[PDB]
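Just the one chain here, the form deposited without glutathione, laid out as structure tokens.
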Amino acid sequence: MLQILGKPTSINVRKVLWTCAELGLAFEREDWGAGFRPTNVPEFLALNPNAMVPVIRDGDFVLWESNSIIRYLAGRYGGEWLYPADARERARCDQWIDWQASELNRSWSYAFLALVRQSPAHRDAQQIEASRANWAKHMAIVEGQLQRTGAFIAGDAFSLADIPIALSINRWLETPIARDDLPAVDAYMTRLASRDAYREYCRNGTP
């Protein structure tokens, strides 16, 4: 049985949990992470030298890095419907998956740590606002893409890219900041409410 190592509140663990549910996988999840079970111990570092979650163990195969994990699971467990093999279709998915991790996630760092995790080390009002502003610019890109598709982030069909992207949008919506009206974004999140796993792991009250 697939093992998922990571606390269920982590956005990156939720990418993995959502993907498992969508694909139809059985799994066991162990709590690891800040506030649950500390990862900076030898037994965990041996699995992931980053000491971060998620990590999966699939038989003797150990993998870390959430976007890499969800790609693996879709590739391994009959997920061609979710992550299409055709190069151009897959590229449309990858662009948003990769951008989510490299630009969107980066943008929200200070504001999220300050306002949601209330970190004692992130109390600079100027940097909170700077992060919110930058985050908002990235959310406007998400909005334009969804106006263009009128459906899902990569096109007409729910895909792997919607998992990182919707979870990111959920984080934006659950952070106590003033936000511009983004109607394509709102219509997308309403569209996703039909998916059981979105309700369970994405729009479930947790930032």
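Residue numbers here begin at 1 and follow the sequence given.
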For the C-alpha atoms alone, is the average B factor greater in 171 to 179 or in 46 to 54, going by the entry? 171 to 179
Pick between 6 to 14 and 181 to 189: the one whose mean CA B-factor in the entry is higher. 181 to 189
Out of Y83, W99, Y72, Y110, which residue has the highest Cα temperature factor in the PDB record? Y110
Highest recorded C-alpha temperature factor, please, choosing from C93, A125, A87, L104. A125
Consider only the C-alpha atoms of the modelled residues in this chain, order them by B-factor as the entry records it, and name the third containing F36: lowest, middle or highest. highest
Quick tally, chain-level thirds of C-alpha B-factors: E143 sits in the middle
For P164, return the chain-relative third of its C-alpha B-factor as stated in the PDB record: lowest, middle or highest. lowest
Of the three thirds of its chain by CA temperature factor, lowest, middle or highest, which one includes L63? lowest
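The form solved in complex with glutathione is left out here; the points below concern that form.
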Open or blocked: glutathione superposed from its pose in the entry with it bound, cut-off 2.4 Å to backbone or C-beta: open
What I'd like checked is whether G33, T39 and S66 together line glutathione in the entry with it bound, meaning each has a non-hydrogen atom within 4.5 Å of it. yes
Can any non-hydrogen atom of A51 be found within 4.5 angstroms of glutathione in the entry with it bound? yes
Please determine whether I11 contacts glutathione in the entry with it bound, using a 4.5 Å cut-off between heavy atoms. yes
4.5 Å heavy atom contact, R203 and glutathione in the entry with it bound: no
Answer range among 51 to 59, 175 to 183, 161 to 169, 148 to 156 for contact with glutathione, defined in the entry with it bound as heavy atoms within 4.5 Å: 51 to 59
